[PDB]
Structure formats: C-alpha cells, structure tokens
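Have a look at the structure below, then the notes.
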Amino acid sequence: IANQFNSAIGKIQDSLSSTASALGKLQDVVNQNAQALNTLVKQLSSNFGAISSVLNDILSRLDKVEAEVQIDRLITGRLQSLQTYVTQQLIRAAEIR
Amino acid sequence: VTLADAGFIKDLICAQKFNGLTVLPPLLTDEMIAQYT
Amino acid sequence: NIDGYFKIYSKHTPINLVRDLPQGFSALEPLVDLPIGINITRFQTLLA
Amino acid sequence: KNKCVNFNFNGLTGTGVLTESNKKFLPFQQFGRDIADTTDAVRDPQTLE
Amino acid sequence: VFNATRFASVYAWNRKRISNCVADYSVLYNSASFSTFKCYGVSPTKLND
Ligand SMILES: *[C@@H]1O[C@H](CO)[C@@H](O[C@@H]2O[C@H](CO)[C@@H](O)[C@H](O)[C@H]2NC(C)=O)[C@H](O)[C@H]1NC(C)=O
Ligand SMILES: *[C@@H]1O[C@H](CO)[C@@H](O)[C@H](O)[C@H]1NC(C)=O
Ligand SMILES: *[C@@H]1O[C@H](CO)[C@@H](O)[C@H](O)[C@H]1NC(C)=O
C-alpha cells in the first residue's frame, strides 16, 4: 500500500510535469481577470461619438462650452464602461465565492 | 501558471497602473498559504 | 496616393536567389510624402 | 529631465517625467504609444533625442 | 491668401498649400473687415495656441 501510494504520487508528478492540462480551471480566472482589465484599458481609446477619444486633444482645440458637448460624451461612455466592468466583476466574484 | 505582473514593486500592468487600475496584494503571503497548507 | 498626398514607402534588401519573388518577410519604411494633389489613373516605369 | 512637469510638444500637452529613451525609433517616427492609446515616447524638435 | 489682387471662380476654386511656417491667426481674427470667421473643429481663440 505504501509502494502503491508512492507510485501514484510519482504518476501525479509525471502527469503535471510532462504536460500542462489540469490547471486550466485556475488559469482561466487569471486570464479573465487580466482580459477584463485589458478591455477596460482599451476602452479609453473609444470615441463615444466625440471628435477624439483623447481629452487634451479636445481641451487644446475647443473653448469651455464647446468642449463640454464632446467631454460629456467621453464621460458618459467611460462611466458606463466602468459600470459594465464592475457588473462583470461582481458577477464573476460570485462564482469564485 | 504564467501571470503578467502581480503588484511586485513598480507591460499590461504598467498601462493598468498608468490608468489607475491598481492591483492590491493578498493579505496572506504565498509563504503563509504554504505554511497553513 | 491618399487625399492628395502621394507617399512612397520602400525597402532594399540583400538576397541570393535565381528564381521568383523571395519567400520571406520584411517591412517597407516611409521614404517620402509629397503634397502633389494630382489624379493618378495610370503609371509607367523608366529604363536606361 | 528625471523631474515632474506639465509637458507640451506640438500641442501634445500633458503631465509627466521626461527621461532619455533607448527606444530605437526608426528615423521617420516622432511618437510612441502605450497599449492604452496614450503616448509614452516623443522625439523632440530642437533635439532629436 | 487675403491680400491677392484677384480671387478665383467657385467652379474652379484655387487651393494654396501652407507648411513650414508660423501662424499668428490673431491677424485674421482681430481684423474687423471679416463679416464671418467661423471655426468648426477648433474655437478661434485657440488657433494661436
Ligand atoms: C524606490 O525607489 C528607489 C530609488 O529611488 C529604489 O532604490 C534603488 O534600489 C535598487 C535595488 O536595490 C538599487 O540598485 C538602487 O541603487 C536604489 N536607488 C536608490 C537611490 O535608493 C527602491 O528599491 C524603490 N523601492 C521600491 C519598493 O520599489
Ligand atoms: C481621374 O480622372 C479619370 C479620367 O477622367 C476618371 O476616370 C477618374 O474618376 C478620376 N479620379 C478622380 C479621383 O478624380
Ligand atoms: C533649433 O535651433 C537650434 C539653434 O537655436 C539648432 O541647434 C537646431 O538645429 C534647431 N532645430 C532644428 C530642428 O534644426
């Protein structure tokens, strides 16, 4: 029984060393954590119908009042973008819990 | 397992940091988790 | 030609080949932009 | 350089620390951009560096 | 651009390129003579900036 247990432990070392397969359950979480954040980073590049996605490119070109008609677009988009990510993250968290 | 940074003294996570997307550490260190184990 | 700008990108590379367009990979760097504005329908090269 | 300032180049305003880059810009480049679609490098006009 | 002696017909409109130069738009913008000076992707006060 000791020899068998030691043999079976040897088969786990070989199984997990000689390939990478069983850990996909952990890996997909570290992947989704990153991918959702990477998507939220990328969503800063989005225009949301403004003349630019970039803030200084508006503020250097327009005055105060004409900037806002662009800036509130970017705000509306970026606020909904965070709310989307936080809805995904709260939902995701429930699974991990 | 193969991560891309984890809050270890500062690249996907340079950009995340430069947008205020901070990653906080766990309370329990990987040694503590190994000790409990 | 884009929006009146005629733009040239190029690459010169060494080779050693007798037959065909060299299978392999590289990029052309932008060499020049000219504001020329003309229509180009058609083109021809020049020999010497 | 190596100090925090409000930068501007060409009307590319912002805020940061400027430092000499070892990024081998090919001669036709004047910007580098981070994954975030935010600038991270610039070629100065008066000085090529 | 403003001081030529004659202008063109709109069926054949002239187009002059501008490059490699310094632009004091306050010349144009402070000139009373213009019945309209309307900017669409910029505000006029920012043209110098
Ligand atoms: C905080 O920044 C300082 C630099 O100001 C870091 O100190 C450097 O540490 C490295 C590695 O030990 C040394 O090679 C340098 O000579 C140190 N420079 C100075 C001026 O101290 C420090 O490590 C940083 N701390 C953290 C937690 O990132
Ligand atoms: C250029 O001229 C040719 C010949 O008249 C015409 O077929 C073509 O539509 C023109 N292209 C442009 C972009 O004006
Ligand atoms: C800017 O001016 C300095 C002298 O004032 C000169 O060294 C430099 O060549 C100029 N910039 C360019 C791009 O030539």
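With ideal geometry, Cβ positions are generated from the backbone for all residues, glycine too; neighbour counts draw on all protein chains shown. The numbers here are math on the coordinates, done by the rules we state, and not lab data.
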Read through the list (1) exposed (fewer than 13 other Cβ atoms within 10 Å of the Cβ); (2) on the phi < 0 side of the Ramachandran plot, then give the number of the only condition that residue D:11 fails.
-> (2)
Subset of the range D:2-49 (residues that are in a strand (DSSP E or B), among the β-branched types (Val, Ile, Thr) and within 14 Å of chain A (Cβ to nearest Cβ)) = D:13, D:39, D:42
Here is a list of conditions, (1) within 16 Å of ligand 3 (Cβ to nearest atom); (2) in contact with a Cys (Cβ under 8 Å, 6 or more places away or on another chain); (3) aliphatic (A, V, I, L, M), and residue D:42 meets all of them except one; can you say which number that is?
-> (2)
Can you tell me which residues in the range B:9-37 are exposed (fewer than 10 other Cβ atoms within 10 Å of the Cβ) and under 23 Å from residue A:20 (Cβ atoms)?
-> B:30, B:34, B:37
Name every residue in the range C:4-37 that is under 30 Å from residue E:18 (Cβ atoms) and within 12 Å of chain D (Cβ to nearest Cβ), in order of residue number.
-> C:7, C:8, C:9, C:10, C:28, C:29, C:30, C:31, C:32, C:33
Could you tell me whether residue A:74 is assigned to a helix (DSSP H, G or I), within 27 Å of the chain's Cα centre (by Cα) and under 25 Å from residue D:11 (Cβ atoms)?
-> yes
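Look through D:41, D:36 and report the one residue that is out of contact with any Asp or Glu (no Cβ under 6 Å at 6 or more places or on another chain), over 28 Å from residue E:20 (Cβ atoms) and surrounded by 11 or more Cβ atoms within 10 Å (Cβ to Cβ). Outline the logic, then answer.
On the way: D:41 fails: over 28 Å from residue E:20 (Cβ atoms).
Being out of contact with any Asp or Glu (no Cβ under 6 Å at 6 or more places or on another chain), over 28 Å from residue E:20 (Cβ atoms) and surrounded by 11 or more Cβ atoms within 10 Å (Cβ to Cβ) holds for just one of D:41, D:36, which is D:36.
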